[PDB]
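**Q** Just passing along the structure, written as structure tokens.
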Amino acid sequence: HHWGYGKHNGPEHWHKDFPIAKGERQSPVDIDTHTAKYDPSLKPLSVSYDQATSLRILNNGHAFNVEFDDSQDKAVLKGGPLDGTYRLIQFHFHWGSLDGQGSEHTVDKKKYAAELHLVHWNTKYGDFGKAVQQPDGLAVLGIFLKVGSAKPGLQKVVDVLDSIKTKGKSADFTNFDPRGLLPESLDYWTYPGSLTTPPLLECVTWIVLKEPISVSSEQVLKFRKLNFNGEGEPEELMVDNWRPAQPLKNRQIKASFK
Ligand SMILES: [Zn+2]
């Protein structure tokens with residue numbers, strides 16, 4: 001037995017192995033745009049991805065992860081609600097079985113077809129494993145995906161998924177530029193939260209972009225051909241790998257824009 005997204009091991013079960021699932025600053029949440037508070041003391045995001053060095057793409061049994069070299073300040077996030085410098089370590093997606101679901105965050109109860117998470121860790125803690133133990137240890141940039149026109153910058157990712165169909169498989173994935181995954185605007189909401197997968201640690205500063213990117217029906221369809229299972233095991237399609245919205249509790253969502 002292990003946690004997953006099935007009927008018998010899904011989000012509603014996670015609290016048994018990971019009690020923090022019922023904690024005070026769990027993610028994702030519903031962003032209520034009318035009760036979000038505009039904060040003019042919030043700065044612009046500074047995204048510096050021009051020296052980013054992608055290494056590998058991996059099917060870890062619940063998503064696929066594109067990994068980056070985080071040994072130096074190559075791809076960093078600064079500004080916004082953050083204090084200090086956050087290094088990009090990986091990005092991954094959450095998606096659905098149908099176009100009308102897939103995102104983790106929702107906006108006035110609207111679900112998007114998928115959600116992209118660019119995960120960064122605060123360099124003052126020296127390594128990722130130390131960072132996740134701290135309340136200001138990670139920053140995650142969340143980007144919604146809607147189905148419309150194709151996203152050209154996503155296609156290199158889509159074309160390599162056949163080679164990592166099953167859990168545990170990995171492929172070399174160098175020279176991918178994550179700047180091709182960003183929307184035009186960097187307007188955002190931000191709130192303190194958690195990882196949305198076990199161990200669900202409450203160490204994340206969420207930065208959710210307002211503007212979705214559009215991908216084609218064909219591109220998201222390829223996501224849905226991946227497998228939760230390992231090679232030689234019964235085929236389980238990797239779909240609906242999203243956690244539903246959690247209670248906001250004593251938190252406020254702030255907006256960088258009016
Ligand atoms: Zn995620």
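How things are named: the first chain in the structure tokens is A, the next is B, and so on; residues count from 1 in each chain; ligands count from 1 in the order shown.
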Determine, for each residue of chain A having at least one atom at most 10 Å from an atom of ligand 1, the closest pair of atoms and their separation in Å to one decimal, counting only C-alpha atoms and all ligand atoms; order by chain and ascending number, as a Markdown table.
**A**
| residue | atom | partner | partner_atom_place_in_ligand_line | distance |
| --- | --- | --- | --- | --- |
| A:27 | CA | ligand 1 | 1 (Zn) | 10.0 |
| A:28 | CA | ligand 1 | 1 (Zn) | 9.4 |
| A:62 | CA | ligand 1 | 1 (Zn) | 9.9 |
| A:63 | CA | ligand 1 | 1 (Zn) | 8.3 |
| A:64 | CA | ligand 1 | 1 (Zn) | 9.9 |
| A:65 | CA | ligand 1 | 1 (Zn) | 9.5 |
| A:91 | CA | ligand 1 | 1 (Zn) | 7.9 |
| A:92 | CA | ligand 1 | 1 (Zn) | 6.0 |
| A:93 | CA | ligand 1 | 1 (Zn) | 6.0 |
| A:94 | CA | ligand 1 | 1 (Zn) | 6.2 |
| A:95 | CA | ligand 1 | 1 (Zn) | 9.9 |
| A:103 | CA | ligand 1 | 1 (Zn) | 9.4 |
| A:104 | CA | ligand 1 | 1 (Zn) | 8.0 |
| A:115 | CA | ligand 1 | 1 (Zn) | 7.6 |
| A:116 | CA | ligand 1 | 1 (Zn) | 6.9 |
| A:117 | CA | ligand 1 | 1 (Zn) | 5.1 |
| A:118 | CA | ligand 1 | 1 (Zn) | 8.1 |
| A:119 | CA | ligand 1 | 1 (Zn) | 8.2 |
| A:140 | CA | ligand 1 | 1 (Zn) | 8.5 |
| A:141 | CA | ligand 1 | 1 (Zn) | 9.7 |
| A:142 | CA | ligand 1 | 1 (Zn) | 8.3 |
| A:195 | CA | ligand 1 | 1 (Zn) | 7.3 |
| A:196 | CA | ligand 1 | 1 (Zn) | 6.1 |
| A:197 | CA | ligand 1 | 1 (Zn) | 7.2 |
| A:241 | CA | ligand 1 | 1 (Zn) | 9.1 |
| A:242 | CA | ligand 1 | 1 (Zn) | 8.0 |
| A:243 | CA | ligand 1 | 1 (Zn) | 9.2 |
**Q** Could you name the residues that touch residue 113 in chain A at 12 Å or less, counting only C-alpha atoms, but leaving out those on the same chain fewer than 5 positions away, as a ChimeraX atom specification?
**A** /A:93-106,143-148,212-217,219-221,223-224,239-242
**Q** Would you mind exporting the chosen residues as a PDB file, in the first residue's frame, restricted to C-alpha atoms?
**A**
ATOM      1  CA  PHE A  93       2.148  19.276 -13.957  1.00  0.00           C
ATOM      2  CA  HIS A  94      -1.201  18.202 -12.563  1.00  0.00           C
ATOM      3  CA  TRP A  95      -3.927  17.281 -15.035  1.00  0.00           C
ATOM      4  CA  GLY A  96      -7.297  15.708 -15.527  1.00  0.00           C
ATOM      5  CA  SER A  97      -9.105  12.979 -17.379  1.00  0.00           C
ATOM      6  CA  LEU A  98     -11.324  15.634 -18.979  1.00  0.00           C
ATOM      7  CA  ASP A  99     -10.650  19.203 -20.046  1.00  0.00           C
ATOM      8  CA  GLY A 100     -12.968  20.537 -17.316  1.00  0.00           C
ATOM      9  CA  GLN A 101     -10.746  19.403 -14.439  1.00  0.00           C
ATOM     10  CA  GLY A 102      -7.104  19.024 -13.648  1.00  0.00           C
ATOM     11  CA  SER A 103      -5.911  22.078 -11.795  1.00  0.00           C
ATOM     12  CA  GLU A 104      -5.251  22.053  -8.084  1.00  0.00           C
ATOM     13  CA  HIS A 105      -5.985  25.740  -7.428  1.00  0.00           C
ATOM     14  CA  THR A 106      -9.316  27.027  -8.598  1.00  0.00           C
ATOM     15  CA  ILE A 143       0.437  28.521 -13.869  1.00  0.00           C
ATOM     16  CA  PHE A 144      -2.974  27.415 -15.109  1.00  0.00           C
ATOM     17  CA  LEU A 145      -3.411  25.699 -18.489  1.00  0.00           C
ATOM     18  CA  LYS A 146      -6.539  26.036 -20.617  1.00  0.00           C
ATOM     19  CA  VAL A 147      -7.259  24.144 -23.838  1.00  0.00           C
ATOM     20  CA  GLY A 148      -7.122  26.319 -26.946  1.00  0.00           C
ATOM     21  CA  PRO A 212      -3.351  31.036 -17.978  1.00  0.00           C
ATOM     22  CA  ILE A 213      -1.332  29.683 -20.884  1.00  0.00           C
ATOM     23  CA  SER A 214      -3.159  27.877 -23.664  1.00  0.00           C
ATOM     24  CA  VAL A 215      -2.230  24.377 -24.874  1.00  0.00           C
ATOM     25  CA  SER A 216      -3.845  22.316 -27.614  1.00  0.00           C
ATOM     26  CA  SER A 217      -6.218  19.447 -27.062  1.00  0.00           C
ATOM     27  CA  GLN A 219      -0.818  18.298 -26.273  1.00  0.00           C
ATOM     28  CA  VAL A 220      -2.810  17.585 -23.094  1.00  0.00           C
ATOM     29  CA  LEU A 221      -4.027  14.265 -24.579  1.00  0.00           C
ATOM     30  CA  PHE A 223      -0.182  13.773 -20.773  1.00  0.00           C
ATOM     31  CA  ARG A 224      -3.103  11.387 -20.319  1.00  0.00           C
ATOM     32  CA  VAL A 239      -4.877  11.119 -14.916  1.00  0.00           C
ATOM     33  CA  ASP A 240      -6.571  13.215 -12.239  1.00  0.00           C
ATOM     34  CA  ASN A 241      -3.367  13.551 -10.253  1.00  0.00           C
ATOM     35  CA  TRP A 242      -4.745  16.644  -8.424  1.00  0.00           C
TER      36      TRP A 242
END
**Q** Contacts of residue 125 in chain A at 10 Å or less, counting only C-alpha atoms, minus same-chain residues fewer than 5 places along, as a PyMOL selection string?
**A** chain A and resi 130-134+136-137
**Q** Any chance you could export the current selection's C-alpha atoms as a compact mmCIF listing (two decimals), in the first residue's frame?
**A**
# COMPACT_ATOMS: atom_id res chain seq x y z
CA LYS A 130 16.65 21.58 4.64
CA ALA A 131 14.36 24.07 2.96
CA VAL A 132 11.21 21.91 3.20
CA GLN A 133 11.55 21.96 7.02
CA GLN A 134 11.17 25.76 7.12
CA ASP A 136 9.71 30.11 4.17
CA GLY A 137 11.63 27.29 2.45
**Q** Using DSSP on the backbone coordinates, identify the residues of range 14-238 of chain A assigned to strand (DSSP E); present them as a CSV table (one decimal) with N, CA and C atoms, in the first residue's frame.
**A**
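Heads up, here's the output in selection-v7.csv:
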chain,number,residue,atom,x,y,z
A,30,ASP,N,-9.2,27.4,-3.1
A,30,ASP,CA,-10.0,28.2,-4.0
A,30,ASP,C,-9.6,29.7,-3.8
A,31,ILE,N,-9.3,30.3,-4.9
A,31,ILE,CA,-9.0,31.8,-4.9
A,31,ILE,C,-10.3,32.5,-5.2
A,37,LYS,N,-7.1,40.4,-1.4
A,37,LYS,CA,-6.8,41.8,-1.0
A,37,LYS,C,-5.6,42.3,-1.8
A,38,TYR,N,-5.8,43.3,-2.6
A,38,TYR,CA,-4.8,44.0,-3.3
A,38,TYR,C,-3.8,44.6,-2.3
A,45,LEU,N,7.5,40.3,-9.7
A,45,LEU,CA,8.3,39.1,-9.7
A,45,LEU,C,9.5,39.3,-10.6
A,46,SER,N,10.6,38.8,-10.2
A,46,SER,CA,11.8,38.8,-11.0
A,46,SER,C,12.1,37.3,-11.3
A,47,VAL,N,12.0,37.0,-12.5
A,47,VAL,CA,12.2,35.6,-13.0
A,47,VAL,C,13.4,35.7,-13.9
A,48,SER,N,14.5,35.0,-13.5
A,48,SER,CA,15.8,35.0,-14.2
A,48,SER,C,16.1,33.5,-14.6
A,54,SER,N,18.5,22.4,-17.7
A,54,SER,CA,17.7,21.3,-17.4
A,54,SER,C,18.5,20.0,-17.6
A,55,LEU,N,18.3,19.0,-16.8
A,55,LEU,CA,19.0,17.8,-16.9
A,55,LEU,C,18.3,16.5,-17.4
A,56,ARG,N,17.1,16.4,-16.8
A,56,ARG,CA,16.4,15.1,-16.9
A,56,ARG,C,14.9,15.2,-16.8
A,57,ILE,N,14.2,14.3,-17.4
A,57,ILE,CA,12.8,14.2,-17.1
A,57,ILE,C,12.5,12.8,-16.6
A,58,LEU,N,11.6,12.7,-15.6
A,58,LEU,CA,11.4,11.5,-14.8
A,58,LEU,C,9.9,11.3,-14.5
A,59,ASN,N,9.4,10.1,-14.7
A,59,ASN,CA,8.1,9.6,-14.3
A,59,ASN,C,8.3,9.0,-12.9
A,64,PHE,N,5.2,13.7,-13.9
A,64,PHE,CA,6.5,13.7,-14.4
A,64,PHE,C,7.2,15.0,-14.1
A,65,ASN,N,8.5,15.0,-13.8
A,65,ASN,CA,9.3,16.1,-13.2
A,65,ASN,C,10.4,16.4,-14.2
A,66,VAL,N,10.5,17.6,-14.7
A,66,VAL,CA,11.7,18.1,-15.4
A,66,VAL,C,12.6,18.7,-14.3
A,67,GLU,N,13.8,18.2,-14.2
A,67,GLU,CA,14.8,18.5,-13.2
A,67,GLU,C,15.8,19.5,-13.7
A,68,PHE,N,16.3,20.3,-12.8
A,68,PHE,CA,17.3,21.3,-13.2
A,68,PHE,C,18.5,21.3,-12.3
A,76,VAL,N,16.7,31.5,-11.1
A,76,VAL,CA,16.3,32.0,-9.8
A,76,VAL,C,15.0,32.8,-9.9
A,77,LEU,N,14.3,32.8,-8.8
A,77,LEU,CA,13.1,33.6,-8.6
A,77,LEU,C,13.4,34.5,-7.4
A,78,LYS,N,13.1,35.8,-7.6
A,78,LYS,CA,13.2,36.8,-6.6
A,78,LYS,C,12.0,37.7,-6.7
A,79,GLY,N,11.9,38.6,-5.7
A,79,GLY,CA,10.9,39.6,-5.7
A,79,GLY,C,9.6,39.1,-5.3
A,86,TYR,N,15.5,32.3,-4.5
A,86,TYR,CA,15.0,30.9,-4.6
A,86,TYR,C,15.5,30.3,-5.9
A,87,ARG,N,16.1,29.1,-5.9
A,87,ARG,CA,16.6,28.4,-7.0
A,87,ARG,C,15.6,27.4,-7.5
A,88,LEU,N,15.4,27.4,-8.9
A,88,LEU,CA,14.6,26.5,-9.5
A,88,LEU,C,15.2,25.1,-9.5
A,89,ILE,N,14.5,24.1,-9.0
A,89,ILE,CA,14.9,22.7,-8.9
A,89,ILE,C,14.1,21.8,-9.9
A,90,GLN,N,12.8,21.9,-10.0
A,90,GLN,CA,12.0,21.2,-10.9
A,90,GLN,C,10.7,21.8,-11.3
A,91,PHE,N,10.1,21.4,-12.3
A,91,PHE,CA,8.7,21.7,-12.6
A,91,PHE,C,8.0,20.4,-12.9
A,92,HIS,N,6.7,20.4,-12.6
A,92,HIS,CA,5.8,19.3,-13.0
A,92,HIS,C,4.4,19.8,-13.2
A,93,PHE,N,3.5,18.9,-13.7
A,93,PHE,CA,2.1,19.3,-14.0
A,93,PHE,C,1.2,18.4,-13.1
A,94,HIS,N,0.0,19.0,-13.0
A,94,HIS,CA,-1.2,18.2,-12.6
A,94,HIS,C,-2.3,18.3,-13.6
A,95,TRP,N,-2.9,17.2,-14.0
A,95,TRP,CA,-3.9,17.3,-15.0
A,95,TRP,C,-5.0,16.3,-14.8
A,106,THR,N,-8.2,26.6,-7.8
A,106,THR,CA,-9.3,27.0,-8.6
A,106,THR,C,-9.5,28.5,-8.3
A,107,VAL,N,-10.2,29.1,-9.3
A,107,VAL,CA,-10.4,30.6,-9.3
A,107,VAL,C,-11.9,30.8,-9.4
A,114,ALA,N,-5.3,21.9,-16.5
A,114,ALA,CA,-4.0,21.4,-15.8
A,114,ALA,C,-3.4,22.6,-15.1
A,115,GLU,N,-2.4,22.3,-14.3
A,115,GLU,CA,-1.7,23.3,-13.6
A,115,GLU,C,-0.2,22.9,-13.5
A,116,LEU,N,0.7,23.9,-13.9
A,116,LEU,CA,2.1,23.8,-13.9
A,116,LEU,C,2.7,24.4,-12.6
A,117,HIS,N,3.6,23.7,-11.9
A,117,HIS,CA,4.3,24.1,-10.7
A,117,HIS,C,5.8,24.1,-11.0
A,118,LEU,N,6.3,25.3,-10.8
A,118,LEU,CA,7.8,25.5,-10.9
A,118,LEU,C,8.3,25.7,-9.5
A,119,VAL,N,9.0,24.7,-9.0
A,119,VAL,CA,9.4,24.6,-7.6
A,119,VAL,C,10.8,25.2,-7.4
A,120,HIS,N,10.9,26.0,-6.4
A,120,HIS,CA,12.1,26.7,-6.0
A,120,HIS,C,12.3,26.6,-4.5
A,121,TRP,N,13.6,26.6,-4.1
A,121,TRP,CA,14.0,26.6,-2.7
A,121,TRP,C,15.0,27.7,-2.3
A,122,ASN,N,14.7,28.2,-1.1
A,122,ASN,CA,15.4,29.3,-0.5
A,122,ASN,C,16.9,29.0,-0.3
A,138,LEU,N,10.2,27.1,0.5
A,138,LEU,CA,9.9,27.0,-0.9
A,138,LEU,C,9.1,28.1,-1.4
A,139,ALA,N,9.3,28.4,-2.7
A,139,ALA,CA,8.4,29.2,-3.5
A,139,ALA,C,8.0,28.4,-4.7
A,140,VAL,N,6.7,28.3,-5.0
A,140,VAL,CA,6.1,27.6,-6.1
A,140,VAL,C,5.3,28.6,-7.0
A,141,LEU,N,5.7,28.7,-8.2
A,141,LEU,CA,5.0,29.5,-9.2
A,141,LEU,C,4.0,28.5,-9.9
A,142,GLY,N,2.7,28.9,-9.8
A,142,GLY,CA,1.7,28.1,-10.3
A,142,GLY,C,1.1,28.8,-11.5
A,143,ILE,N,0.9,28.0,-12.6
A,143,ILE,CA,0.4,28.5,-13.9
A,143,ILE,C,-0.7,27.6,-14.3
A,144,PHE,N,-1.8,28.2,-14.6
A,144,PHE,CA,-3.0,27.4,-15.1
A,144,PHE,C,-2.8,27.2,-16.6
A,145,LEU,N,-3.3,26.0,-17.1
A,145,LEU,CA,-3.4,25.7,-18.5
A,145,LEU,C,-4.9,25.6,-18.9
A,146,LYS,N,-5.2,26.3,-20.0
A,146,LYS,CA,-6.5,26.0,-20.6
A,146,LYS,C,-6.3,25.4,-22.0
A,147,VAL,N,-7.3,24.8,-22.5
A,147,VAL,CA,-7.3,24.1,-23.8
A,147,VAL,C,-7.7,25.2,-24.9
A,170,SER,N,13.2,7.4,-16.7
A,170,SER,CA,13.8,8.7,-16.9
A,170,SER,C,14.5,8.9,-18.2
A,171,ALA,N,14.7,10.1,-18.7
A,171,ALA,CA,15.3,10.4,-19.9
A,171,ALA,C,16.2,11.6,-19.7
A,172,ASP,N,17.3,11.7,-20.5
A,172,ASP,CA,18.1,12.9,-20.5
A,172,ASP,C,17.2,13.9,-21.2
A,188,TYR,N,-0.1,38.2,-10.2
A,188,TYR,CA,-0.2,37.0,-9.3
A,188,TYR,C,-1.0,37.2,-8.0
A,189,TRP,N,-1.6,36.1,-7.5
A,189,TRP,CA,-2.0,36.0,-6.2
A,189,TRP,C,-0.9,35.3,-5.4
A,190,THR,N,-0.9,35.5,-4.1
A,190,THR,CA,0.1,34.8,-3.2
A,190,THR,C,-0.5,34.6,-1.8
A,191,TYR,N,-0.2,33.4,-1.3
A,191,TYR,CA,-0.7,33.0,0.1
A,191,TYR,C,0.3,32.0,0.6
A,192,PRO,N,0.3,31.8,1.9
A,192,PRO,CA,1.2,30.8,2.5
A,192,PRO,C,0.5,29.4,2.6
A,193,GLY,N,1.2,28.4,2.1
A,193,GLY,CA,0.6,27.1,2.0
A,193,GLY,C,1.6,26.0,2.2
A,204,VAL,N,5.6,26.3,1.9
A,204,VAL,CA,5.5,26.9,0.6
A,204,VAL,C,4.9,28.4,0.7
A,205,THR,N,5.6,29.3,-0.1
A,205,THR,CA,4.9,30.5,-0.4
A,205,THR,C,4.4,30.4,-1.9
A,206,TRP,N,3.1,30.3,-2.0
A,206,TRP,CA,2.5,30.1,-3.3
A,206,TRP,C,2.4,31.5,-4.1
A,207,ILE,N,2.7,31.4,-5.3
A,207,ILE,CA,2.6,32.5,-6.3
A,207,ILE,C,1.9,32.0,-7.5
A,208,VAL,N,0.6,32.3,-7.6
A,208,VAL,CA,-0.3,31.8,-8.6
A,208,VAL,C,-0.5,32.9,-9.6
A,209,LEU,N,-0.1,32.7,-10.9
A,209,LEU,CA,-0.3,33.7,-12.0
A,209,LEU,C,-1.8,33.7,-12.4
A,213,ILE,N,-1.9,30.0,-19.6
A,213,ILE,CA,-1.3,29.7,-20.9
A,213,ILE,C,-2.3,28.7,-21.6
A,214,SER,N,-2.3,28.8,-22.9
A,214,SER,CA,-3.2,27.9,-23.7
A,214,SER,C,-2.3,26.8,-24.3
A,215,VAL,N,-2.8,25.5,-24.2
A,215,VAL,CA,-2.2,24.4,-24.9
A,215,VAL,C,-3.3,23.7,-25.7
